[PDB]
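Only one chain comes next, encoded as structure tokens, the form deposited in one PDB entry.
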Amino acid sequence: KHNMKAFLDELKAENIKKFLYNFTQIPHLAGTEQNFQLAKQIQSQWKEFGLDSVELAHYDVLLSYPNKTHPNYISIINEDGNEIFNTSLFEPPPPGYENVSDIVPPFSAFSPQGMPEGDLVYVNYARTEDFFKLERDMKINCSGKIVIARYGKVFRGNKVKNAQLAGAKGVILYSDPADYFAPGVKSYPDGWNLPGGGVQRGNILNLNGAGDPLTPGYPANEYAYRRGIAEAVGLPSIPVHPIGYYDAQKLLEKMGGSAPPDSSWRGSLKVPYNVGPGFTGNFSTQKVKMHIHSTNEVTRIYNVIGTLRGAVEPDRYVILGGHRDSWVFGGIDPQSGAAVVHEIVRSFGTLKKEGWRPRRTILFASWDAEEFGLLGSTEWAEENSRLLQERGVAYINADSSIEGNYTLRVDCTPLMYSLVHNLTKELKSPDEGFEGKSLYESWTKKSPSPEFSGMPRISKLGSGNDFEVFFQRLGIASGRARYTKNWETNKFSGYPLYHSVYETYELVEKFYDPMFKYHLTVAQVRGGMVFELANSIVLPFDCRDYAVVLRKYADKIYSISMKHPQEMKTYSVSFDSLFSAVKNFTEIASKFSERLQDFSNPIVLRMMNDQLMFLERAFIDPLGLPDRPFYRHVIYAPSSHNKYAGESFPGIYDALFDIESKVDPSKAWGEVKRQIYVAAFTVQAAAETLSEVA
């Protein structure tokens, strides 16, 4: 029998281990020759594995690299202009790798060049609320200052945006032990903690879903017209550089000026965490100087696109995609994900060689340049947007399988909730103490839903990974699942060795997943979801789950607005239309579900499958959200304060955010009402896609 169980049983932990080892011996930085050779290897193996067609799709996109002969670093400079302390030029390499070539030194991708010199201001996590606290409560002015910020809590691109708007002339990012050093665990190579010389690489763009900065809207193909750099999307205007906590301590220890406002501003280093500006008395004439010489360069990138043609509905696509480029070795990010994709392809291929085909087409993708701003997935989706629009059933992401090893972490559209619950009830938990129990049981126990007893938490999709173009721009039902450390305490900061040279195969094999059983569990969740989406006669989406969350989100946005009852009275701000739309959606969805349960007729089936497939699509507004034309989903968007976090009714949320500070309340409240109208209309329009069609 070829069924989901034959598919799942063919997946092997030992294969995933072998592939991870294979993918992590050398760096695979986007745009480099070694990542192109890995692309060719994956292409060859996916063909061997039995896919019908496997092609490279290449694009020429803006990337960023340090200058090999003019290294980036930061100094403390004295009165005379002598540089009395310099930050490191590279991370000390881990045991046995001290001779590996082509390890990119730590840098912030897309930083402009510059050598600014000035006084430091410490801005905590550089969040919106941290700048509010500084400027409004403490009366500290960041204008013309170098800001130093600890990594964590929010996407680092948002930190840089916030610093820029505060008037900073440069940004220094660092990893604080409070966020990247778990109590009682040893530093790499003897445990999974970040050493004092470890540094987190990463891009600091604010693309808002644009993809390659030079070609928003259109694929960066051979004949593409490119914007000039000055009109590029999302580039920071001030130099930025990341450092580790040994170097951070040298920069922070001299800081003077104002005390930190409270303990949420203090990390774990033995320093006061003074906000500044500048250093204490004796050192008041010393300054901090950055030296950034990185260059932005249009560079070729390669996606691998594998097709397994559907037997019955070849014009319906279920996509399993995850990236292949890494900052250095990519032991976790992304190769722990890519090795899982590889074993999934191998398994689907085994069935195919025995004569099976999925009902719908499955596309498999190895995306390039994810780390430089989701460039590979976004360019390919721009190239193929018409096919994806009209044929795209679902997208399942596949980055890092093991953020941690504590429990499952799922984020997806409501349309996939039932599917995820059902599937995880049929999978075995890999967790210690849950042997012979289901994955659903261990997951629900460790990550309970805040609103329902006996259900697990499932979070919202924002961005920070390759599902973004499919879900936020194109409105294709999307999901992701991975093992994680602890949703409660660390959602957005990364595991300690994130984007560092220390994130290696040995890190994984020794400290995360020696038996590869967590990797296997994640392969079964991702592979099983793809299997059901591609093979179930009726698409495995439950529109009623959308109705339930729409109500929750409406209650939520209404409660936010209700912090301002006088203004709601003055400007006649009513949420009645939105509640009415949500009520209608609930009623129509329930009737559609009855019909779906109550119909031999393939046209009715496919008509109904089309209504299911286009339901996510109905939440797209072709005008996009305000000043974010590539975020088109009206129910969800990446948070404007933290690209990693999903926000619900984003148009209304952003219109209400900090509204008491707006100088023209009439205008501001007018925009809140406009967004309520857009949201009510889009919800009712989506509901009406589920009505009888004629």
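Don't overthink the numbering: it's just position in the shown sequence, from 1. Under this definition, the rigid core comprises the largest set of C-alpha atoms superposing within 1.5 Å between the forms.
Quick note: we don't show the form deposited in another entry, though the next part is all about it.
Residue showing a CA shift of 2 Å or more between the shown form and the other one (rigid core superposed; candidates 571, 356, 579, 492): 492.
Here's the thing about residue 641 and residue 488: their CA atoms end up at least 3 Å farther apart in the other form than they are in this form. Relative to this form, residue 489 and residue 154 separate from one another in the other form, with their C-alpha atoms ending up at least 3 Å farther apart.
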